[PDB]
Protein chains: 2
Amino acid sequence: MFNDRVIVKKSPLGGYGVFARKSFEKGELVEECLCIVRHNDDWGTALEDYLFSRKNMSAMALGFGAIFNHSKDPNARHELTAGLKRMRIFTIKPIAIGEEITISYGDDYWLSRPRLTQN
Amino acid sequence: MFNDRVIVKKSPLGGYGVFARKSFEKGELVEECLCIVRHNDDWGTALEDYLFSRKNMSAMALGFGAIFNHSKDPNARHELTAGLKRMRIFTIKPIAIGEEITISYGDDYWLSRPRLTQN
């Protein structure tokens, strides 16, 4: 799909990842809806699908997991679920009006009053 | 997305559900890829996302769960996962070259040699 906030690239075409079209400082906000994350061993055995875990984060995807594979480093964190986590994404790295985004990046519980002025 | 086999409607637009464009008798076959189903209580606590369970079936979705909400009755069964269940969908009700489809319908372990002649 695609939204003025960020362009998502999940369809095969020589490039998998979620790009953002809006330069900004460390502290942006992205949106999506294709992740099922939790925190437990029974999870890796329960959500057996496109698992994507890092140290403590244990989640799974199904079309976006591969979109997150191409990530030499933690570009930004994400929170899309109904139990824990949340329904929003944060980018601790400045955006370049056309940069790529990924997920999984430790935790760092904190915020800063997001301000998505329209787009 | 959309496929000659069936047209999927997940994008908001005053209508959520998976429609089928191919009249047939009770015993059709649909295809998809957005469901994570299992059978256990720890599941409802592990897959906490868009849960969709019925009597014994305990599953969760993320874009298709709402597409299954609009279902006054069990239109057809489904099986899309890697652990149990399978990767195909069956329609025990005749198709009307433009009918809507849903999921969750008891179990009835059985088959009948599906014959998806192209489309």
# chains A, B, ... in the order shown; residues from 1 in each chain; ligands from 1

call {"tool": "residues_around", "arguments": {"residues": "residue 94 in chain B", "least_positions_apart": "3", "cutoff": "12 Å", "atoms": "only C-alpha atoms", "output": "list in words"}}
result
residues 20, 21, 22, 23, 24, 25, 26, 27, 28, 29, 75, 76, 90, 91, 97, 98, 99, 100 and 101 of chain B

call {"tool": "interface_residues", "arguments": {"of": "chain A", "to": "chain B", "cutoff": "12 Å", "atoms": "only C-alpha atoms", "output": "mmCIF file with N, CA and C atoms, in the first residue's frame"}}
result
data_model
loop_
_atom_site.group_PDB
_atom_site.id
_atom_site.type_symbol
_atom_site.label_atom_id
_atom_site.label_comp_id
_atom_site.auth_asym_id
_atom_site.auth_seq_id
_atom_site.Cartn_x
_atom_site.Cartn_y
_atom_site.Cartn_z
ATOM 1 N N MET A 1 0.852 -1.226 0.000
ATOM 2 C CA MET A 1 0.000 0.000 0.000
ATOM 3 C C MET A 1 0.874 1.258 0.000
ATOM 4 N N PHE A 2 0.303 2.390 0.305
ATOM 5 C CA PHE A 2 1.104 3.646 0.325
ATOM 6 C C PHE A 2 0.317 4.769 1.005
ATOM 7 N N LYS A 10 6.035 -3.815 0.074
ATOM 8 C CA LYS A 10 5.954 -5.255 0.450
ATOM 9 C C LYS A 10 5.857 -6.131 -0.801
ATOM 10 N N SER A 11 5.441 -5.569 -1.904
ATOM 11 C CA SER A 11 5.315 -6.376 -3.149
ATOM 12 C C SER A 11 6.697 -6.614 -3.775
ATOM 13 N N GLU A 32 1.450 1.538 10.352
ATOM 14 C CA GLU A 32 1.331 0.288 9.549
ATOM 15 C C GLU A 32 0.305 -0.652 10.187
ATOM 16 N N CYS A 33 0.332 -1.911 9.840
ATOM 17 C CA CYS A 33 -0.647 -2.866 10.432
ATOM 18 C C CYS A 33 -0.345 -4.297 9.980
ATOM 19 N N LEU A 34 0.843 -4.774 10.235
ATOM 20 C CA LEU A 34 1.190 -6.162 9.823
ATOM 21 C C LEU A 34 2.233 -6.758 10.770
ATOM 22 N N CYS A 35 1.990 -6.708 12.053
ATOM 23 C CA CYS A 35 2.978 -7.277 13.012
ATOM 24 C C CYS A 35 2.275 -7.860 14.244
ATOM 25 N N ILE A 36 2.794 -8.944 14.748
ATOM 26 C CA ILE A 36 2.186 -9.624 15.931
ATOM 27 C C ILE A 36 3.310 -9.927 16.930
ATOM 28 N N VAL A 37 3.580 -8.999 17.817
ATOM 29 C CA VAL A 37 4.752 -9.131 18.731
ATOM 30 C C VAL A 37 4.346 -9.404 20.184
ATOM 31 N N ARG A 38 5.161 -10.146 20.892
ATOM 32 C CA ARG A 38 4.916 -10.398 22.344
ATOM 33 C C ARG A 38 6.265 -10.605 23.044
ATOM 34 N N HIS A 39 6.266 -11.215 24.199
ATOM 35 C CA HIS A 39 7.555 -11.450 24.912
ATOM 36 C C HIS A 39 7.493 -12.748 25.725
ATOM 37 N N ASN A 40 7.848 -13.858 25.127
ATOM 38 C CA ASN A 40 7.816 -15.153 25.872
ATOM 39 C C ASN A 40 8.321 -16.297 24.986
ATOM 40 N N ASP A 41 8.787 -17.363 25.583
ATOM 41 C CA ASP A 41 9.273 -18.521 24.776
ATOM 42 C C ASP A 41 8.090 -19.224 24.111
ATOM 43 N N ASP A 42 7.042 -19.468 24.854
ATOM 44 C CA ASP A 42 5.836 -20.111 24.256
ATOM 45 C C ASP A 42 5.424 -19.350 22.994
ATOM 46 N N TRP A 43 5.783 -18.098 22.917
ATOM 47 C CA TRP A 43 5.451 -17.292 21.712
ATOM 48 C C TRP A 43 6.148 -17.879 20.491
ATOM 49 N N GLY A 44 7.457 -17.919 20.505
ATOM 50 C CA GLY A 44 8.212 -18.483 19.345
ATOM 51 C C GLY A 44 7.604 -19.826 18.930
ATOM 52 N N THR A 45 7.016 -20.531 19.856
ATOM 53 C CA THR A 45 6.385 -21.835 19.505
ATOM 54 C C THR A 45 4.914 -21.630 19.119
ATOM 55 N N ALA A 46 4.330 -20.536 19.529
ATOM 56 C CA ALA A 46 2.892 -20.285 19.211
ATOM 57 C C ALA A 46 2.739 -19.482 17.915
ATOM 58 N N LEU A 47 3.477 -18.417 17.769
ATOM 59 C CA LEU A 47 3.330 -17.567 16.550
ATOM 60 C C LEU A 47 4.217 -18.074 15.395
ATOM 61 N N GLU A 48 4.614 -19.322 15.427
ATOM 62 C CA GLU A 48 5.507 -19.869 14.356
ATOM 63 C C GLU A 48 5.057 -19.435 12.955
ATOM 64 N N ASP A 49 5.596 -18.347 12.478
ATOM 65 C CA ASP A 49 5.255 -17.850 11.115
ATOM 66 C C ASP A 49 6.484 -17.117 10.545
ATOM 67 N N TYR A 50 6.464 -15.809 10.444
ATOM 68 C CA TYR A 50 7.689 -15.093 9.989
ATOM 69 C C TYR A 50 8.326 -14.449 11.219
ATOM 70 N N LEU A 51 8.793 -15.266 12.123
ATOM 71 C CA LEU A 51 9.327 -14.754 13.414
ATOM 72 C C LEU A 51 10.445 -13.735 13.220
ATOM 73 N N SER A 58 10.225 -10.671 20.859
ATOM 74 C CA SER A 58 9.872 -11.898 20.091
ATOM 75 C C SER A 58 8.594 -11.649 19.296
ATOM 76 N N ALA A 59 8.700 -11.477 18.007
ATOM 77 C CA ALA A 59 7.482 -11.184 17.205
ATOM 78 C C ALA A 59 7.429 -12.035 15.939
ATOM 79 N N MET A 60 6.434 -11.814 15.127
ATOM 80 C CA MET A 60 6.319 -12.567 13.851
ATOM 81 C C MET A 60 5.616 -11.701 12.811
ATOM 82 N N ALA A 61 5.872 -11.927 11.562
ATOM 83 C CA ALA A 61 5.205 -11.108 10.519
ATOM 84 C C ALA A 61 4.581 -12.011 9.460
ATOM 85 N N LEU A 62 4.258 -11.460 8.327
ATOM 86 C CA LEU A 62 3.643 -12.264 7.231
ATOM 87 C C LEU A 62 3.552 -11.396 5.978
ATOM 88 N N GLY A 63 4.677 -10.963 5.486
ATOM 89 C CA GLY A 63 4.690 -10.050 4.311
ATOM 90 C C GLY A 63 5.573 -8.856 4.665
ATOM 91 N N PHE A 64 5.570 -8.476 5.914
ATOM 92 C CA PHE A 64 6.434 -7.353 6.363
ATOM 93 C C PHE A 64 7.703 -7.907 7.013
ATOM 94 N N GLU A 79 5.386 -0.449 16.927
ATOM 95 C CA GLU A 79 4.426 -0.983 17.935
ATOM 96 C C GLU A 79 3.060 -1.200 17.284
ATOM 97 N N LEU A 80 2.828 -2.352 16.718
ATOM 98 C CA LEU A 80 1.525 -2.586 16.031
ATOM 99 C C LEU A 80 0.864 -3.875 16.529
ATOM 100 N N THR A 81 0.023 -3.776 17.524
ATOM 101 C CA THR A 81 -0.673 -4.989 18.045
ATOM 102 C C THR A 81 -1.865 -4.584 18.915
ATOM 103 N N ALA A 82 -2.461 -5.523 19.599
ATOM 104 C CA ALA A 82 -3.631 -5.190 20.460
ATOM 105 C C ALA A 82 -3.326 -5.512 21.926
ATOM 106 N N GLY A 83 -2.412 -6.410 22.171
ATOM 107 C CA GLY A 83 -2.073 -6.763 23.579
ATOM 108 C C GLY A 83 -1.056 -5.761 24.125
ATOM 109 N N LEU A 84 0.206 -6.086 24.058
ATOM 110 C CA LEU A 84 1.244 -5.148 24.566
ATOM 111 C C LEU A 84 1.695 -4.213 23.449
ATOM 112 N N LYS A 85 2.804 -3.548 23.627
ATOM 113 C CA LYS A 85 3.314 -2.643 22.552
ATOM 114 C C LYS A 85 2.276 -1.539 22.276
ATOM 115 N N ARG A 86 1.868 -1.340 21.044
ATOM 116 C CA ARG A 86 0.860 -0.275 20.767
ATOM 117 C C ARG A 86 0.449 -0.293 19.292
ATOM 118 N N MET A 87 0.057 0.835 18.764
ATOM 119 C CA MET A 87 -0.353 0.888 17.332
ATOM 120 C C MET A 87 0.325 2.070 16.635
#

call {"tool": "select_by_dssp", "arguments": {"residues": "chain B", "states": "helix (DSSP H, G or I)", "output": "PyMOL selection string"}}
result
chain B and resi 41-46+65-69

call {"tool": "select_by_dssp", "arguments": {"residues": "chain A", "states": "strand (DSSP E or B)", "output": "VMD selection string"}}
result
chain A and resid 6 to 9 17 to 20 24 28 to 30 36 to 38 50 to 54 57 to 61 77 to 80 87 to 91 95 99 to 101

call {"tool": "write_last_selection", "arguments": {"atoms": "N, CA, C and O atoms", "output": "short mmCIF file (atom, residue, chain, number, x, y, z; two decimals), in the first residue's frame"}}
result
data_model
loop_
_atom_site.label_atom_id
_atom_site.label_comp_id
_atom_site.auth_asym_id
_atom_site.auth_seq_id
_atom_site.Cartn_x
_atom_site.Cartn_y
_atom_site.Cartn_z
N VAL A 6 4.12 7.58 4.86
CA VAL A 6 5.30 6.79 4.42
C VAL A 6 4.90 5.81 3.31
O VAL A 6 3.77 5.36 3.25
N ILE A 7 5.81 5.48 2.43
CA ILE A 7 5.48 4.53 1.34
C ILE A 7 5.93 3.12 1.73
O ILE A 7 7.09 2.87 2.00
N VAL A 8 5.01 2.18 1.77
CA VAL A 8 5.39 0.79 2.16
C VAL A 8 5.74 -0.04 0.93
O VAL A 8 5.07 0.03 -0.09
N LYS A 9 6.77 -0.83 1.01
CA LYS A 9 7.16 -1.68 -0.15
C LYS A 9 7.15 -3.15 0.25
O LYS A 9 8.13 -3.69 0.72
N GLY A 17 11.17 -3.29 2.04
CA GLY A 17 11.39 -2.40 3.22
C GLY A 17 10.30 -1.33 3.26
O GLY A 17 9.52 -1.20 2.34
N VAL A 18 10.23 -0.58 4.32
CA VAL A 18 9.20 0.50 4.40
C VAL A 18 9.89 1.86 4.33
O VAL A 18 10.56 2.28 5.25
N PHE A 19 9.75 2.55 3.23
CA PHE A 19 10.45 3.85 3.05
C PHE A 19 9.63 5.02 3.62
O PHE A 19 8.43 4.94 3.77
N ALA A 20 10.29 6.11 3.91
CA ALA A 20 9.57 7.30 4.44
C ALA A 20 9.87 8.52 3.57
O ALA A 20 11.00 8.79 3.22
N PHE A 24 13.19 14.76 8.57
CA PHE A 24 12.86 15.26 9.93
C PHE A 24 13.99 14.94 10.91
O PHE A 24 14.97 14.31 10.56
N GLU A 28 10.57 10.80 14.58
CA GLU A 28 9.42 10.83 13.63
C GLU A 28 8.39 9.77 14.00
O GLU A 28 8.55 9.06 14.98
N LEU A 29 7.34 9.65 13.24
CA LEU A 29 6.30 8.63 13.56
C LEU A 29 5.78 7.97 12.29
O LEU A 29 5.33 8.63 11.37
N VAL A 30 5.81 6.66 12.23
CA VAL A 30 5.29 5.96 11.02
C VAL A 30 4.06 5.13 11.39
O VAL A 30 3.74 4.96 12.55
N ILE A 36 2.79 -8.94 14.75
CA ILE A 36 2.19 -9.62 15.93
C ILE A 36 3.31 -9.93 16.93
O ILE A 36 3.99 -10.93 16.83
N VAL A 37 3.58 -9.00 17.82
CA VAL A 37 4.75 -9.13 18.73
C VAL A 37 4.35 -9.40 20.18
O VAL A 37 3.34 -8.93 20.66
N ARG A 38 5.16 -10.15 20.89
CA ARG A 38 4.92 -10.40 22.34
C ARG A 38 6.27 -10.61 23.04
O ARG A 38 7.30 -10.25 22.52
N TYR A 50 6.46 -15.81 10.44
CA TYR A 50 7.69 -15.09 9.99
C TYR A 50 8.33 -14.45 11.22
O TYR A 50 8.31 -13.25 11.39
N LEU A 51 8.79 -15.27 12.12
CA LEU A 51 9.33 -14.75 13.41
C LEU A 51 10.45 -13.73 13.22
O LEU A 51 11.31 -13.88 12.38
N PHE A 52 10.44 -12.72 14.04
CA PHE A 52 11.51 -11.69 14.00
C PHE A 52 11.81 -11.26 15.43
O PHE A 52 11.10 -10.45 16.00
N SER A 53 12.79 -11.85 16.05
CA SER A 53 13.07 -11.52 17.47
C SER A 53 14.49 -10.96 17.64
O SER A 53 15.38 -11.26 16.87
N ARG A 54 14.70 -10.17 18.65
CA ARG A 54 16.05 -9.60 18.89
C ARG A 54 16.33 -9.52 20.39
O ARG A 54 15.73 -8.73 21.09
N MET A 57 12.92 -9.03 22.37
CA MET A 57 11.71 -8.86 21.52
C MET A 57 11.41 -10.14 20.74
O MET A 57 12.25 -10.65 20.02
N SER A 58 10.22 -10.67 20.86
CA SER A 58 9.87 -11.90 20.09
C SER A 58 8.59 -11.65 19.30
O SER A 58 7.52 -11.58 19.85
N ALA A 59 8.70 -11.48 18.01
CA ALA A 59 7.48 -11.18 17.20
C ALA A 59 7.43 -12.03 15.94
O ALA A 59 8.28 -12.87 15.70
N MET A 60 6.43 -11.81 15.13
CA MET A 60 6.32 -12.57 13.85
C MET A 60 5.62 -11.70 12.81
O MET A 60 4.85 -10.82 13.15
N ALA A 61 5.87 -11.93 11.56
CA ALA A 61 5.21 -11.11 10.52
C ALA A 61 4.58 -12.01 9.46
O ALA A 61 4.41 -13.19 9.67
N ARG A 77 11.98 1.99 15.75
CA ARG A 77 11.19 0.99 16.52
C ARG A 77 9.75 0.94 16.01
O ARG A 77 9.33 1.78 15.23
N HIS A 78 8.98 -0.02 16.43
CA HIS A 78 7.58 -0.11 15.95
C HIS A 78 6.66 -0.70 17.03
O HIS A 78 7.11 -1.36 17.95
N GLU A 79 5.39 -0.45 16.93
CA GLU A 79 4.43 -0.98 17.93
C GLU A 79 3.06 -1.20 17.28
O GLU A 79 2.22 -0.32 17.28
N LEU A 80 2.83 -2.35 16.72
CA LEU A 80 1.52 -2.59 16.03
C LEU A 80 0.86 -3.88 16.53
O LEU A 80 1.09 -4.94 16.00
N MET A 87 0.06 0.84 18.76
CA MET A 87 -0.35 0.89 17.33
C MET A 87 0.32 2.07 16.63
O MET A 87 -0.29 2.81 15.89
N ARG A 88 1.59 2.26 16.87
CA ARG A 88 2.32 3.39 16.23
C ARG A 88 3.79 3.03 16.02
O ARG A 88 4.29 2.07 16.57
N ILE A 89 4.49 3.79 15.23
CA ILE A 89 5.93 3.50 14.99
C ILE A 89 6.77 4.76 15.23
O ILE A 89 6.33 5.86 14.95
N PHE A 90 7.95 4.61 15.77
CA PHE A 90 8.79 5.81 16.05
C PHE A 90 10.13 5.70 15.32
O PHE A 90 10.71 4.64 15.21
N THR A 91 10.64 6.80 14.84
CA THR A 91 11.95 6.77 14.13
C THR A 91 13.00 7.58 14.90
O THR A 91 13.06 8.79 14.80
N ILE A 95 14.91 11.65 9.39
CA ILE A 95 14.44 11.12 8.08
C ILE A 95 15.08 11.90 6.93
O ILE A 95 15.50 13.03 7.10
N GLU A 99 14.01 7.93 2.87
CA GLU A 99 14.93 6.93 3.49
C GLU A 99 14.17 5.62 3.75
O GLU A 99 12.96 5.56 3.67
N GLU A 100 14.88 4.57 4.06
CA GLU A 100 14.21 3.27 4.32
C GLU A 100 14.03 3.05 5.83
O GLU A 100 14.80 3.55 6.63
N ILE A 101 13.03 2.32 6.22
CA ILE A 101 12.80 2.08 7.67
C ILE A 101 12.69 0.58 7.97
O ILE A 101 12.33 -0.21 7.12
#

call {"tool": "closest_residue", "arguments": {"among": "B:110, B:103, B:5, B:115", "to": "residue 69 in chain B", "atoms": "only C-alpha atoms"}}
result
B:103
